[PDB]
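Chemist: input-v9.txt (compact mmCIF, N, CA and C atoms) pasted underneath:
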```txt
# COMPACT_ATOMS: atom_id res chain seq x y z
N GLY A 493 22.41 -14.31 -36.97
CA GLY A 493 22.35 -15.13 -35.77
C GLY A 493 22.67 -16.58 -36.05
N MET A 494 22.13 -17.47 -35.22
CA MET A 494 22.34 -18.90 -35.40
C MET A 494 21.85 -19.39 -36.77
N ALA A 495 20.65 -18.96 -37.18
CA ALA A 495 20.12 -19.38 -38.49
C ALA A 495 21.03 -18.95 -39.63
N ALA A 496 21.63 -17.76 -39.50
CA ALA A 496 22.55 -17.25 -40.50
C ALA A 496 23.84 -18.07 -40.51
N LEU A 497 24.35 -18.38 -39.32
CA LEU A 497 25.55 -19.21 -39.22
C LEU A 497 25.35 -20.57 -39.86
N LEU A 498 24.22 -21.20 -39.58
CA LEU A 498 23.91 -22.51 -40.15
C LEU A 498 23.79 -22.41 -41.68
N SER A 499 23.14 -21.35 -42.14
CA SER A 499 22.93 -21.13 -43.57
C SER A 499 24.24 -20.93 -44.32
N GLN A 500 25.10 -20.08 -43.77
CA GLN A 500 26.37 -19.76 -44.43
C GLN A 500 27.29 -20.96 -44.52
N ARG A 501 27.43 -21.71 -43.43
CA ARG A 501 28.30 -22.88 -43.45
C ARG A 501 27.73 -23.92 -44.42
N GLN A 502 26.40 -24.05 -44.46
CA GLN A 502 25.79 -25.01 -45.37
C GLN A 502 26.08 -24.63 -46.82
N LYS A 503 25.99 -23.35 -47.15
CA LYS A 503 26.26 -22.91 -48.52
C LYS A 503 27.71 -23.16 -48.96
N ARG A 504 28.64 -22.94 -48.04
CA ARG A 504 30.04 -23.23 -48.33
C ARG A 504 30.25 -24.72 -48.55
N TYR A 505 29.57 -25.53 -47.75
CA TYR A 505 29.70 -26.97 -47.91
C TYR A 505 29.11 -27.43 -49.23
N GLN A 506 28.01 -26.80 -49.66
CA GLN A 506 27.37 -27.16 -50.93
C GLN A 506 28.36 -26.96 -52.08
N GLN A 507 29.05 -25.82 -52.04
CA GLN A 507 30.04 -25.49 -53.06
C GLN A 507 31.22 -26.45 -53.04
N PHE A 508 31.72 -26.70 -51.83
CA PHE A 508 32.81 -27.64 -51.62
C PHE A 508 32.48 -29.02 -52.22
N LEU A 509 31.32 -29.56 -51.88
CA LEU A 509 30.93 -30.90 -52.34
C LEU A 509 30.83 -30.96 -53.85
N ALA A 510 30.22 -29.94 -54.44
CA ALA A 510 30.08 -29.93 -55.89
C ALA A 510 31.47 -29.86 -56.56
N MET A 511 32.35 -28.99 -56.07
CA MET A 511 33.76 -28.98 -56.49
C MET A 511 34.39 -30.37 -56.38
N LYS A 512 34.24 -30.99 -55.21
CA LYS A 512 34.86 -32.29 -54.98
C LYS A 512 34.30 -33.31 -55.94
N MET A 513 33.00 -33.26 -56.21
CA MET A 513 32.44 -34.24 -57.14
C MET A 513 33.05 -34.10 -58.53
N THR A 514 33.34 -32.88 -58.96
CA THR A 514 33.97 -32.72 -60.28
C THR A 514 35.38 -33.28 -60.29
N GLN A 515 36.08 -33.22 -59.15
CA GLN A 515 37.41 -33.82 -59.10
C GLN A 515 37.33 -35.34 -59.04
N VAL A 516 36.29 -35.86 -58.40
CA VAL A 516 36.13 -37.30 -58.35
C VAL A 516 35.89 -37.79 -59.78
N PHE A 517 35.07 -37.04 -60.53
CA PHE A 517 34.83 -37.40 -61.93
C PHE A 517 36.17 -37.43 -62.70
N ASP A 518 36.98 -36.39 -62.53
CA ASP A 518 38.32 -36.34 -63.15
C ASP A 518 39.19 -37.54 -62.77
N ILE A 519 39.09 -37.99 -61.51
CA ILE A 519 39.84 -39.14 -61.08
C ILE A 519 39.33 -40.40 -61.78
N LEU A 520 38.01 -40.58 -61.81
CA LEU A 520 37.44 -41.77 -62.50
C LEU A 520 37.81 -41.75 -63.97
N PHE A 521 37.72 -40.56 -64.57
CA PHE A 521 38.06 -40.41 -65.97
C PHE A 521 39.50 -40.83 -66.27
N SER A 522 40.40 -40.62 -65.32
CA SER A 522 41.82 -40.95 -65.51
C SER A 522 42.12 -42.45 -65.43
N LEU A 523 41.17 -43.23 -64.91
CA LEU A 523 41.41 -44.67 -64.69
C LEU A 523 41.14 -45.43 -65.97
N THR A 524 41.62 -46.65 -66.04
CA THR A 524 41.30 -47.54 -67.16
C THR A 524 39.81 -47.86 -67.10
N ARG A 525 39.07 -47.54 -68.15
CA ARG A 525 37.64 -47.79 -68.08
C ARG A 525 37.29 -49.27 -68.39
N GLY A 526 36.06 -49.65 -68.06
CA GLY A 526 35.53 -50.94 -68.49
C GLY A 526 36.00 -52.10 -67.61
N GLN A 527 36.39 -51.78 -66.38
CA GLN A 527 36.75 -52.81 -65.39
C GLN A 527 36.19 -52.45 -64.03
N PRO A 528 35.93 -53.46 -63.18
CA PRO A 528 35.38 -53.14 -61.87
C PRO A 528 36.40 -52.49 -60.93
N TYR A 529 35.92 -51.54 -60.13
CA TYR A 529 36.70 -50.90 -59.07
C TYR A 529 35.91 -50.95 -57.77
N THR A 530 36.56 -51.34 -56.68
CA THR A 530 35.84 -51.39 -55.42
C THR A 530 35.67 -49.99 -54.86
N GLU A 531 34.61 -49.81 -54.07
CA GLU A 531 34.41 -48.56 -53.35
C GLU A 531 35.63 -48.23 -52.51
N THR A 532 36.22 -49.26 -51.87
CA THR A 532 37.33 -49.06 -50.94
C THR A 532 38.53 -48.48 -51.65
N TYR A 533 38.89 -49.08 -52.78
CA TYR A 533 39.98 -48.54 -53.59
C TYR A 533 39.69 -47.12 -54.07
N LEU A 534 38.49 -46.89 -54.61
CA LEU A 534 38.17 -45.53 -55.12
C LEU A 534 38.13 -44.47 -54.01
N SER A 535 37.56 -44.79 -52.86
CA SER A 535 37.50 -43.79 -51.80
C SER A 535 38.88 -43.45 -51.26
N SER A 536 39.77 -44.45 -51.10
CA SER A 536 41.13 -44.17 -50.65
C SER A 536 41.89 -43.36 -51.70
N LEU A 537 41.63 -43.64 -52.98
CA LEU A 537 42.28 -42.93 -54.06
C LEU A 537 41.84 -41.46 -54.10
N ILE A 538 40.56 -41.24 -53.85
CA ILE A 538 40.02 -39.87 -53.78
C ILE A 538 40.67 -39.09 -52.63
N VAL A 539 40.68 -39.71 -51.46
CA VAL A 539 41.29 -39.08 -50.30
C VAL A 539 42.78 -38.83 -50.53
N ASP A 540 43.50 -39.84 -51.03
CA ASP A 540 44.95 -39.67 -51.25
C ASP A 540 45.23 -38.60 -52.30
N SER A 541 44.37 -38.47 -53.29
CA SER A 541 44.59 -37.55 -54.42
C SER A 541 44.27 -36.09 -54.08
N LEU A 542 43.25 -35.89 -53.24
CA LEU A 542 42.67 -34.55 -53.03
C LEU A 542 42.90 -33.93 -51.64
N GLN A 543 43.33 -34.75 -50.69
CA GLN A 543 43.41 -34.28 -49.31
C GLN A 543 44.66 -33.45 -49.09
N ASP A 544 44.53 -32.35 -48.34
CA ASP A 544 45.68 -31.69 -47.73
C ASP A 544 45.26 -31.02 -46.42
N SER A 545 46.27 -30.52 -45.70
CA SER A 545 46.10 -29.81 -44.42
C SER A 545 44.87 -28.89 -44.39
N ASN A 546 44.66 -28.15 -45.47
CA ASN A 546 43.68 -27.08 -45.48
C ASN A 546 42.38 -27.43 -46.18
N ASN A 547 42.32 -28.63 -46.76
CA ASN A 547 41.17 -29.06 -47.55
C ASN A 547 40.79 -30.51 -47.22
N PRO A 548 40.42 -30.76 -45.95
CA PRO A 548 40.19 -32.14 -45.51
C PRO A 548 39.06 -32.85 -46.25
N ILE A 549 39.30 -34.12 -46.53
CA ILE A 549 38.23 -34.95 -47.03
C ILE A 549 38.50 -36.34 -46.46
N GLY A 550 37.46 -36.92 -45.90
CA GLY A 550 37.58 -38.21 -45.25
C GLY A 550 37.06 -39.30 -46.15
N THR A 551 37.30 -40.53 -45.71
CA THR A 551 36.84 -41.72 -46.40
C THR A 551 35.33 -41.75 -46.61
N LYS A 552 34.59 -41.49 -45.53
CA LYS A 552 33.13 -41.47 -45.61
C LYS A 552 32.62 -40.41 -46.57
N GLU A 553 33.17 -39.19 -46.49
CA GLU A 553 32.83 -38.17 -47.49
C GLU A 553 33.13 -38.62 -48.93
N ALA A 554 34.31 -39.19 -49.14
CA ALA A 554 34.68 -39.61 -50.49
C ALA A 554 33.69 -40.67 -51.00
N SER A 555 33.36 -41.62 -50.12
CA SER A 555 32.40 -42.66 -50.50
C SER A 555 31.01 -42.10 -50.87
N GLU A 556 30.51 -41.16 -50.09
CA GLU A 556 29.20 -40.53 -50.38
C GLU A 556 29.22 -39.70 -51.68
N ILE A 557 30.29 -38.96 -51.89
CA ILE A 557 30.46 -38.22 -53.14
C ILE A 557 30.48 -39.13 -54.37
N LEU A 558 31.24 -40.20 -54.28
CA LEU A 558 31.27 -41.22 -55.32
C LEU A 558 29.89 -41.80 -55.55
N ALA A 559 29.19 -42.15 -54.46
CA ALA A 559 27.81 -42.63 -54.61
C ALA A 559 26.89 -41.60 -55.27
N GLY A 560 27.09 -40.32 -54.92
CA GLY A 560 26.29 -39.27 -55.50
C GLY A 560 26.55 -39.18 -56.99
N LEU A 561 27.81 -39.38 -57.37
CA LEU A 561 28.20 -39.23 -58.78
C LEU A 561 27.52 -40.34 -59.60
N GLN A 562 27.53 -41.55 -59.07
CA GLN A 562 26.83 -42.65 -59.77
C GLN A 562 25.34 -42.32 -59.88
N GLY A 563 24.78 -41.68 -58.85
CA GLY A 563 23.36 -41.37 -58.81
C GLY A 563 22.97 -40.35 -59.88
N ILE A 564 23.91 -39.45 -60.17
CA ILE A 564 23.76 -38.43 -61.22
C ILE A 564 24.05 -38.96 -62.64
N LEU A 565 24.96 -39.94 -62.70
CA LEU A 565 25.33 -40.59 -63.97
C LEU A 565 24.97 -42.10 -64.05
N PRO A 566 23.70 -42.46 -63.75
CA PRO A 566 23.39 -43.90 -63.67
C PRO A 566 23.44 -44.62 -65.01
N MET A 567 23.38 -43.84 -66.08
CA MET A 567 23.49 -44.35 -67.44
C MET A 567 24.95 -44.61 -67.88
N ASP A 568 25.91 -44.08 -67.12
CA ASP A 568 27.33 -44.18 -67.46
C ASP A 568 28.10 -45.02 -66.46
N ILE A 569 27.67 -44.96 -65.21
CA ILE A 569 28.34 -45.63 -64.09
C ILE A 569 27.38 -46.60 -63.41
N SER A 570 27.78 -47.86 -63.29
CA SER A 570 26.94 -48.82 -62.58
C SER A 570 27.54 -49.12 -61.21
N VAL A 571 26.69 -49.56 -60.28
CA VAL A 571 27.17 -49.96 -58.98
C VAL A 571 26.46 -51.26 -58.63
N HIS A 572 27.20 -52.22 -58.09
CA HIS A 572 26.64 -53.52 -57.73
C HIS A 572 27.09 -53.90 -56.32
N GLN A 573 26.23 -54.61 -55.59
CA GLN A 573 26.60 -55.18 -54.28
C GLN A 573 26.08 -56.59 -54.25
N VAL A 574 26.84 -57.47 -53.63
CA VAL A 574 26.32 -58.80 -53.41
C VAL A 574 25.77 -58.84 -51.97
N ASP A 575 24.49 -59.19 -51.84
CA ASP A 575 23.81 -59.30 -50.54
C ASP A 575 24.08 -58.10 -49.62
N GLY A 576 23.97 -56.89 -50.15
CA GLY A 576 24.19 -55.69 -49.35
C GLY A 576 25.63 -55.43 -48.94
N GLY A 577 26.57 -56.17 -49.53
CA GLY A 577 27.99 -56.04 -49.18
C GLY A 577 28.73 -54.89 -49.89
N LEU A 578 30.00 -55.13 -50.18
CA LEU A 578 30.88 -54.13 -50.77
C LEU A 578 30.38 -53.60 -52.10
N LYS A 579 30.34 -52.27 -52.25
CA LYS A 579 29.97 -51.69 -53.54
C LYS A 579 31.11 -51.75 -54.54
N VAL A 580 30.77 -52.12 -55.77
CA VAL A 580 31.75 -52.23 -56.85
C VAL A 580 31.19 -51.44 -58.03
N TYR A 581 32.03 -50.55 -58.56
CA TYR A 581 31.66 -49.61 -59.60
C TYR A 581 32.24 -50.00 -60.95
N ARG A 582 31.51 -49.73 -62.03
CA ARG A 582 31.98 -49.98 -63.39
C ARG A 582 31.47 -48.87 -64.29
N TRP A 583 32.25 -48.54 -65.33
CA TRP A 583 31.82 -47.60 -66.36
C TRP A 583 32.54 -47.90 -67.68
N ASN A 584 31.94 -47.48 -68.79
CA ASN A 584 32.67 -47.48 -70.05
C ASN A 584 33.02 -46.04 -70.42
N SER A 585 32.26 -45.46 -71.32
CA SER A 585 32.49 -44.07 -71.69
C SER A 585 31.92 -43.11 -70.63
N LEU A 586 32.70 -42.09 -70.29
CA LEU A 586 32.26 -40.96 -69.43
C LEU A 586 32.36 -39.69 -70.28
N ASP A 587 31.45 -38.75 -70.08
CA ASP A 587 31.48 -37.48 -70.81
C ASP A 587 31.42 -36.33 -69.81
N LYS A 588 32.50 -35.55 -69.70
CA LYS A 588 32.55 -34.53 -68.65
C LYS A 588 31.56 -33.40 -68.90
N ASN A 589 31.34 -33.06 -70.16
CA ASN A 589 30.49 -31.93 -70.46
C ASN A 589 29.05 -32.21 -70.08
N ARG A 590 28.60 -33.42 -70.35
CA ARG A 590 27.26 -33.85 -69.94
C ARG A 590 27.16 -33.86 -68.42
N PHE A 591 28.15 -34.50 -67.79
CA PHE A 591 28.23 -34.51 -66.33
C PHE A 591 28.14 -33.09 -65.72
N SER A 592 28.95 -32.17 -66.23
CA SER A 592 28.97 -30.82 -65.68
C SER A 592 27.60 -30.19 -65.71
N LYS A 593 26.88 -30.40 -66.80
CA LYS A 593 25.49 -29.91 -66.92
C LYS A 593 24.53 -30.62 -65.95
N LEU A 594 24.65 -31.94 -65.86
CA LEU A 594 23.77 -32.72 -64.99
C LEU A 594 24.00 -32.36 -63.54
N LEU A 595 25.27 -32.08 -63.18
CA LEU A 595 25.60 -31.69 -61.82
C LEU A 595 24.85 -30.42 -61.42
N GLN A 596 24.82 -29.44 -62.32
CA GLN A 596 24.19 -28.15 -61.97
C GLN A 596 22.68 -28.31 -61.83
N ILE A 597 22.13 -29.16 -62.67
CA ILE A 597 20.72 -29.47 -62.58
C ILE A 597 20.39 -30.21 -61.28
N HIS A 598 21.22 -31.17 -60.90
CA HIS A 598 20.88 -31.95 -59.70
C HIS A 598 21.07 -31.09 -58.45
N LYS A 599 22.09 -30.25 -58.48
CA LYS A 599 22.41 -29.33 -57.40
C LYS A 599 21.22 -28.40 -57.21
N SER A 600 20.67 -27.88 -58.31
CA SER A 600 19.47 -27.04 -58.23
C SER A 600 18.28 -27.76 -57.59
N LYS A 601 17.99 -28.98 -58.04
CA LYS A 601 16.87 -29.77 -57.49
C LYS A 601 16.96 -29.95 -55.98
N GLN A 602 18.15 -30.36 -55.52
CA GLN A 602 18.43 -30.57 -54.09
C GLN A 602 18.46 -29.24 -53.33
N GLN A 603 18.64 -28.16 -54.09
CA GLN A 603 19.03 -26.82 -53.63
C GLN A 603 20.46 -26.85 -53.07
N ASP A 604 21.35 -27.43 -53.87
CA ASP A 604 22.80 -27.52 -53.63
C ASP A 604 23.13 -28.40 -52.43
```
Show how you would write the structure in this file as C-alpha cells.
Modeler:
Amino acid sequence: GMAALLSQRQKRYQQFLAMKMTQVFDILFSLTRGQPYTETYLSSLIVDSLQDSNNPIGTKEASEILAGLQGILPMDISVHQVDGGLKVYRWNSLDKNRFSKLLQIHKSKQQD
C-alpha cells in the first residue's frame, strides 16, 4: 500500500545517494588538493559531471551530498563560512578505501 510505496522509493533513494556520494568523492579526488574550492564551483561541477536525462541530480542535491561527505570525512575535508555565508571546502590527502568503509558505517547508523 502507501506505506510500501513510501518505503520502496525511500530505499531506492538511499542507494542512489550513497552511489552519488562515492562519485562526488571521485570528483574531489581528481582535483588539485590543498587549495580552497567554493561550494558553488563544486556543486556545479558535480551536476555537470554526473547529470543525464535518466539520472537527474540538482544543485541542491549536489550541495547536500558534498556537505554529507565532509560530515563523514571531517578529518580529511574542512569547511569554512564567513558569518554564515558561502561554504568553502579544503582537503589535503583523501583515502578512498577509508571513505568507502566510513560510508557504509554512516549509512547503517542513519539506516541509509
Chemist: Need to verify the contact set: range 524-534 of chain A, 5 Å, all atoms listed in the file, exclusion of same-chain residues closer than 4 positions in sequence. Can you return it as a list in words?
Modeler: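 Skipping anything fewer than 4 positions along the chain leaves residues 538, 579, 580, 581, 582, 583 and 584 of chain A.
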Chemist: So that I can check the surroundings of residue 547 in chain A, please list as JSON, numbers by chain every protein, DNA and RNA residue that reaches within 12 Å of it, counting only C-alpha atoms and ignoring chain neighbours fewer than 3 positions away.
Modeler: {"A": [505, 508, 509, 511, 512, 539, 540, 541, 542, 543, 544, 550]}
Chemist: Can you work out the spacing between atom C of residue 585 in chain A and atom N of residue 548 in chain A in Å, to one decimal?
Modeler: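 Distance reported for this atom pair: 28.9 Å.
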Chemist: What is the distance, in Å and to one decimal place, between CA of residue 568 in chain A and CA of residue 604 in chain A?
Modeler: 22.1 Å
Chemist: Report, in Å with one decimal, the straight-line distance from atom C of residue 603 in chain A to atom C of residue 535 in chain A.
Modeler: 24.9 Å
Chemist: Any idea what's packed within 10 Å of residue 591 in chain A, counting only C-alpha atoms, ignoring anything in its chain fewer than 6 positions away? Could you give it as a ChimeraX atom specification?
Modeler: /A:514,517,561,564-565,568,597
Chemist: Chain A: which residues are strand (DSSP E) by DSSP, as an MDAnalysis selection string?
Modeler: chainID A and resid 529:530 569:572 580:583
Chemist: Looking at A:563, A:500, A:556, A:549, which one is nearest to residue 595 in chain A, with distances taken over only C-alpha atoms?
Modeler: A:563
Chemist: Report the residues of range 496-549 of chain A whose backbone DSSP state falls under helix (DSSP H, G or I), written as a PyMOL selection string.
Modeler: chain A and resi 496-522+531-542
